[PDB]
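Chain order of the listed sequences is Ld, CA, Lh, Ll, LP, LX and LR.
Here the entry's author numbering is used: the first residue of the first sequence is 18, the next is one more, and so on.
For the second sequence, the residue numbers in the entry's author numbering are 7 to 283, 286 to 362.
Here the entry's author numbering is used: the first residue of the third sequence is 2, the next is one more, and so on.
Here the entry's author numbering is used: the first residue of the fourth sequence is 2, the next is one more, and so on.
Here the entry's author numbering is used: the first residue of the fifth sequence is 2, the next is one more, and so on.
Here the entry's author numbering is used: the first residue of the sixth sequence is 97, the next is one more, and so on.
Here the entry's author numbering is used: the first residue of the seventh sequence is 2, the next is one more, and so on.
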Amino acid sequence: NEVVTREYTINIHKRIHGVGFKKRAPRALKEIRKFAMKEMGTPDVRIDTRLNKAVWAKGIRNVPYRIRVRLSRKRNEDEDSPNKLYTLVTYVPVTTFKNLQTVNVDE
Amino acid sequence: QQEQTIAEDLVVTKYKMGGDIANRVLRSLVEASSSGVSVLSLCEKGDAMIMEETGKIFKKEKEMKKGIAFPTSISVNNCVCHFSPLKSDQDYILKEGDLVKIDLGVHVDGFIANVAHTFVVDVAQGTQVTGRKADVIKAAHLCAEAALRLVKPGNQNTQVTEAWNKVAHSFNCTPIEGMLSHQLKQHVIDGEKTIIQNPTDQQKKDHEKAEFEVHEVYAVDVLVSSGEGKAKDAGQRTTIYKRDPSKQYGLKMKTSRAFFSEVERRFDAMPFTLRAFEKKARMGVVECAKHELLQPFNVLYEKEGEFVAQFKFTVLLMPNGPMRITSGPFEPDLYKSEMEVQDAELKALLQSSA
Amino acid sequence: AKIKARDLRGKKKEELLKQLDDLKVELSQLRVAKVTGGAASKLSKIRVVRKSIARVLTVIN
Amino acid sequence: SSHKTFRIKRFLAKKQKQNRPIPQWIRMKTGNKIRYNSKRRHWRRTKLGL
Amino acid sequence: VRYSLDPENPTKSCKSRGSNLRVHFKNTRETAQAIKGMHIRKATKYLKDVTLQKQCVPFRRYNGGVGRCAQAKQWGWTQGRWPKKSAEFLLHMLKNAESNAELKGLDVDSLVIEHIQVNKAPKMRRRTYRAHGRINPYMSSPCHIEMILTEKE
Amino acid sequence: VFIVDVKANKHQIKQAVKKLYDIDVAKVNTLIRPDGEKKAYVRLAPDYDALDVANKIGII
Amino acid sequence: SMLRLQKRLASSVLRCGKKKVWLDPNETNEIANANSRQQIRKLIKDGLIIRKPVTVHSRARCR
RNA sequence: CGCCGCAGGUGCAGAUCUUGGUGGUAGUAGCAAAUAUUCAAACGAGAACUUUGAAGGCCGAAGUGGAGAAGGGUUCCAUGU
Ligand SMILES: [Mg+2]
Ligand SMILES: [Mg+2]
Ligand SMILES: [Mg+2]
Ligand SMILES: [Mg+2]
Ligand SMILES: [Mg+2]
Ligand SMILES: [Mg+2]
Ligand SMILES: [Mg+2]
Ligand SMILES: [Mg+2]
Ligand SMILES: [Mg+2]
Ligand SMILES: [Mg+2]
Ligand SMILES: [Mg+2]
Ligand SMILES: [Mg+2]
């Protein structure tokens, strides 16, 4: 339907390659927001604060190469707003990134 | 959806009790008001019996809160209303043949029953009171009788304004400027639905239009003056204050927090009088009022030689017909006037009963 | 209640000073009322009392 | 500075009281032809001679 | 008031104006020239697009130094820009003009911007500081705007 | 707390307050405001009460 | 809405810098009402304002 | 204002002329010294800049810290726009 949530792994290393030192981690988080806007169908990506900490975990110029997140497109049926659907992306701690697929997480 | 309406049998009875408690208090005072008495003494005894009777009623239920809804407000021959002095102030000794206006409110579980009457003291047997004073209070009573007939869902507030103006012109008198009667409900005295008397440009452009609604409390007042209808202040201390539970300021004075704590405990939202304390009450009031934590009720004086009149009652609106539970002892046989009514529509509303 | 220099000129200096004193204490409470808000009536009587003090002081001088 | 003479502080006192906007009711006076305090001063723009 | 180019019939026309608006006059003159003649719904949608940088306005007269864009081909031209401030002020004044049309009782579905003009307003003076102790102007260039919408289909 | 003339010292302030208000004062703390007028803090004797006096003054 | 005053007051009564004062991000309305001390102290005493601990600068590596 | 006389501080394109206003340049030069911001929320019509919290940083005690002297003079503090 429209409330579904899935788990992705974003190659930040590939999306961030070539960016200067003082603009890497800032670029990494608008690349997550761009990634979420594309995989889901909605603008207004809300980025969890725990996700913010993970990207900035190693400073401003050493961003993790990959990060596992969970996008959750949820209804905005809480207040009068232009968009009725919003995607909230959380941080998923993982030990390895090997053989990790895009999987549909249940309720 | 949790507001209490007059639909309940138990609520109606105590509302009939409120009319009896208002009438019985007014009856006690009118006999006990005489020439050469202390205006302060009538207020303390005016409060004194109203403490005990509200304490001895309903012995089987001692949980809910009851008491005063509006303090004993008195004004004689020169003041409109909102006048209740402290002990330090000079007393006003009631002289012979004065007309005095008395206001009082009683609250039971936040339901408000408010009455107020104006009468001339020490009228002998067989005498005929005549003059311009013989006109104002008789005009006010016809405003009351007219109001009782016209209080019904469907008759608009502005029709009440013109009706009181037209009778005032018929009696060569004018109401005092810009007063407000209110539509009452549980735990409130400053209801949004209000009816306005003797308005002007600023009043008519900022007042609301509304239709009377059933199952409501209506604290109807009539304020009519014999002269010009303009009032101001002559530098007398404002005594009556009411708290507003909407806004909030953090008091910085120990007395103000203590004064604000005691006000909340005893007179939470209904207008109180500084007689209920006095050394710490006066100095706590300036800080709270400065930050508008209390809305004052200043004294309003008319001109020298001008006379004012007043009648107020609380009435409950049922679908089948209104009933005024509180009334004052007025009689037309011992009180006449030199000008009479001239308008046909005014005739119809006075001959018709209910 | 207004005083005039013409009627002040008959009194002795003993109650002329007495009249100046209670005229001064009246102006003291008048300035008090001015600070504490007061009323428009009380403010307007400040000038009428100030000129009365000048009137009494002029006569004794 | 914090260390001032009496006559300097009295000088600074007057300059403070006269750096105030004109009363609003002045505009209503007949034949007013005044609109604002044109002699207003700001501590940062123009400095007192003293 | 006296508008220039009064409408043919002030009964199926609505007007709106504003004076001393703190917008650049050169950016607004180009925006009004593109808006002129547009239908009311097409003009409103177009100005939101310019804010979103999905459609541009072509800078035809005041184009010195203005860069080129791909979107400036829809209008036969080469250089165009996306003046956000000009679009918001014209959108606000279009919303005011629409409410006027519904005030005098004509349908807003069939409104077309027949006339729209932007005038220079009195400039406002500020100060900039130059190299060798020199003071130079920092004037603003506000604009008066006015338009007439005609009901037609 | 009163506003007094700048030409009056603490002794005359104490004498004036004591005589024209019929109270006994303990000490006077004086300062000149930035407006240019003196401000006197008059501490009353422990057997007097400021709130009592401020009532009779009328500044309550 | 704007807690610049409360942060200044809370740091003063806590005898700490503005780094170490923690205002509750959820109960912003309550702290915003506290326009004075003895109101900040009340909020401190019931846990709506906390003095944050000193960030650890260990000497174990030096030792 | 015409006509008869009278009297001039009596005719402008220039003087790197005086004063005032306005253009092209031109939506141009430019808003590049001292490493750096990001996430969520609140108020709010409106948030890259306000406030709160979380994170990443900088000053690094010869400080981007805490106080004064000259100098300033109300810039201090609350509330509101
Ligand atoms: Mg300077
Ligand atoms: Mg060029
Ligand atoms: Mg410069
Ligand atoms: Mg220079
Ligand atoms: Mg000293
Ligand atoms: Mg010449
Ligand atoms: Mg010339
Ligand atoms: Mg020339
Ligand atoms: Mg450029
Ligand atoms: Mg640059
Ligand atoms: Mg460092
Ligand atoms: Mg400040």
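Cβ coordinates follow ideal geometry from the N, Cα and C atoms, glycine included.
Short note on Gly58 of chain Ld: C-beta not closer than 7 Å to any heavy atom of ligand 2.
When 7 Å is used as the limit between beta carbons, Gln40 of chain LR is near these residues of chain CA: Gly256, in chain order. Apart from sequence neighbours up to five positions away, the residues of its chain that approach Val113 of chain LX with a beta-carbon distance below 6 Å are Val121 and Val138, ordered along the chain. Within the DSSP bridge table, the entry for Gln56 of chain LP names no partner. Residue contact with chain LX for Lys210 of chain CA: absent (no Cβ-Cβ distance below 8 Å to any residue of chain LX).
In this model, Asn84 of chain CA and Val26 of chain Lh are separated by some 28 Å (Cα to Cα).
CA-to-CA, the gap between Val166 of chain CA and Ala153 of chain CA works out to about 7 Å.
Selection Ld:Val20, Ld:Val21, Ld:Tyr25 and Ld:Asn18 evaluated against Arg83 of chain Ld yields Ld:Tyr25 as nearest (Cα-Cα). Taking 7 Å as the cut-off, the C-beta of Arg131 of chain LP counts as close to a heavy atom of ligand 3.
Under the 8 Å criterion on CB atoms, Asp120 of chain LX is classed as non-interfacial with respect to chain Ll. At a cut-off of 8 Å between beta-carbon atoms, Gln20 of chain Lh makes no contact with chain LX. When Ld:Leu102, Ld:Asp95 and Ld:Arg85 are compared, the shortest CA-CA separation from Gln118 of chain Ld is found for Ld:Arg85. Its chain contains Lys106, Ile109, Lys110, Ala136 and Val138 as the residues whose beta carbon lies nearer than 6 Å to that of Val124 of chain LX, once the 5 sequence neighbours on both sides are disregarded; these appear in chain order. Assigned with DSSP and collapsed to three states, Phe177 of chain CA falls in coil, not helix or strand. Cβ-Cβ distances below 6 Å link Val126 of chain CA to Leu105 in the same chain, with the five nearest sequence neighbours on each side left out; the list follows chain order. Under the 8 Å criterion on CB atoms, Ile155 of chain LX is classed as interfacial with respect to chain Lh. Close to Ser42 of chain Lh, with beta-carbon spacing below 9 Å, are these residues of chain CA in chain order: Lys238, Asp239, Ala240 and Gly241.
Restricting attention to LP:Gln56, LP:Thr151 and LP:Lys153, the CA atom closest to the CA of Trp83 of chain LP is found in LP:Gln56. Shortest gap from the CB of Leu127 of chain LX to any heavy atom of ligand 5: under 7 Å. Within the DSSP bridge table, the entry for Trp23 of chain LR names LR:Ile51 as partners.
When DSSP states are grouped into helix, strand and coil, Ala122 of chain CA belongs to the strand group. Rounded to the nearest angstrom, the gap between the Cα atoms of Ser45 of chain Lh and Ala169 of chain CA is 39 Å. For a cut-off of 8 Å, the C-beta gap from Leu18 of chain Lh to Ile54 of chain Lh is around 12 Å, too long to register as a contact. Contact with chain LX is absent for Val50 of chain Lh, since none of that chain's Cβ atoms lies less than 8 Å from the residue's Cβ.
For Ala35 of chain LR, the closest Cβ of chain CA is nearer than 8 Å. CA:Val269 is the residue among CA:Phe315, CA:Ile80, CA:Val269 and CA:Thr334 whose C-alpha sits nearest the C-alpha of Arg290 of chain CA. In terms of beta-carbon proximity, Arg281 of chain CA stays away from the interface with chain LX, with every pair separated by 8 Å or more. Not a single CB atom of chain CA sits nearer than 8 Å to the CB of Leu116 of chain LX. Per the C-alpha coordinates, the member of Ll:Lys34, Ll:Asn38, Ll:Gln17 and Ll:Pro22 positioned closest to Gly132 of chain LX is Ll:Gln17. In the three-state reduction of the DSSP assignment, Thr45 of chain LP falls in the helix class, which pools H, G and I. For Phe90 of chain LP, the enclosing alpha helix (DSSP H) stretches over residues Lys85 to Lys105. Chain LX has no Cβ within less than 8 Å of the Cβ of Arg41 of chain Ll. The beta-carbon separation of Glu99 of chain LP and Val109 of chain LP, rounded to 5 Å, stays under the 8 Å limit for a contact.
Not one beta carbon of chain LX lies nearer than 8 Å to the beta carbon of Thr59 of chain Lh. Scanning the stretch 192-261 of chain CA for uninterrupted alpha helix (DSSP H) segments of 4 residues or longer gives 207-212, listed from N- to C-terminal end. Interface annotation, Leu147 of chain LX: in contact with chain CA, CB-CB separation under 8 Å.
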